[PDB]
Amino acid sequence: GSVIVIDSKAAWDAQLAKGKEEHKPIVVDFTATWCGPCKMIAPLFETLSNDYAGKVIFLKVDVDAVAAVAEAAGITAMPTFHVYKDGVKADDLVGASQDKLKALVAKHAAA
């Protein structure tokens with residue numbers, strides 16, 4: 001896919017600012033290597049990044065690799081998906097439903 005891997009708070013801030021400047025929504029997958037359903041839904045997140053390439057920005061945050069971002073985002077259960085617009089959180093979805101992830105991305109690609 002074209003998912004962007006976040007490796008630091010500085011990278012996070014730069015991506016959120018990019019989505020603001022471009023007026024494109026950002027969808028973020030908060031994931032962990034130990035999370036079974038996270039690994040199950042990762043292929044779909046990749047496919048969606050291709051399907052919406054150029055329209056929606058896709059980010060990935062490994063919560064243990066970038067704990068400062070996971071903490072600031074208030075993560076507690078996984079998978080968690082966030083949508084950012086204008087640099088701030090606009091929507092979220094917690095859980096491994098593939099139908100619901102598809103619907104979240106479709107809603108913001110059309111909004």
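Hydrogens, waters and symmetry mates are skipped; everything else that's a heavy atom, side chains included, is used. For reference, positions follow the sequence shown, starting with 1.
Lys85 and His108 share a donor-acceptor pair across their side chains, judged by distance under 3.5 Å alone.
Residues passing the ring-ring contact (aromatic ring centres under 6.0 Å, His included) test with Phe81, sequence neighbours excluded: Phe45. Qualifying salt bridge (charged side-chain N to carboxylate O under 4.0 Å, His left out) partners for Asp64, counting only residues two or more places apart in sequence or in other chains: none. For the side chain to side chain contact (heavy atoms under 4.5 Å, CB included) test, residues two or more places apart in sequence or in another chain that qualify with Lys24 are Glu22, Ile57. By the salt bridge (charged side-chain N to carboxylate O under 4.0 Å, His left out) test, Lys60 is found to be paired with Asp29, residues two or more places apart in sequence or in another chain being considered. Qualifying salt bridge (charged side-chain N to carboxylate O under 4.0 Å, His left out) partners for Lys18, counting only residues two or more places apart in sequence or in other chains: none.
Sequence neighbours left out, the pairs with a member in residues 82-104 that pass ring pair (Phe, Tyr, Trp, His ring centres under 6.0 Å) are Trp12-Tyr84, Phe30-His82, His82-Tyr84.
Contact of the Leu16 side chain with the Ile26 side chain is registered, since non-hydrogen atoms from C-beta on lie closer than 4.5 Å. In this structure the side chain of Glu46 never reaches within 4.5 angstrom of the side chain of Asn50, judged on heavy atoms. Here the side chains of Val27 and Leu59 are not in contact, with every heavy-atom distance at 4.5 Å or above.
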- Begin with the C-alpha distance, continue with both residues' side-chain angles, and end with the deciding distance and a verdict on side chain to side chain contact (heavy atoms under 4.5 Å, CB included) for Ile41 and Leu101. CA-CA 9 Å; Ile41 201 164; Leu101 175 59; 3.8 Å; yes
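To the nearest 0.5 Å, the span separating NZ on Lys20 from CD on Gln15 amounts to 13.5 Å.
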